[PDB]
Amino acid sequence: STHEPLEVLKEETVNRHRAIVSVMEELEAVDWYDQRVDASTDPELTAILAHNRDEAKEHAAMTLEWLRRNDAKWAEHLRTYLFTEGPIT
């Protein structure tokens, strides 16, 4: 799944790759589920989709915390912006 041969990648880079691709996939599921929630015409399906959507958000947050704890720039940049109140830029 990597762009460079594993041969040249440090173990920490590959573990971070595993986490990053996990966040990406959960983010995608969040988005597609939210779209289906809006478009669904069956309320029983809509409740299932909306539930799965919100657990995908939890999966992403758990993996993002792992990245925060194992990558200094992630911790630094996440600390600057997350859980703030003023204008983001």
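The first residue of the sequence shown is number 1, and the count goes up from there.
Among the modelled residues of its chain, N52 has a C-alpha B-factor that falls in the highest third according to the deposited record. Annotation for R18: C-alpha temperature factor in the middle third relative to the rest of the modelled chain, per the entry. When the modelled residues of the chain are ordered by their C-alpha B factor, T41 lands in the highest third.
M24 sits in the lowest third of its chain by CA B factor, as recorded in the PDB entry.
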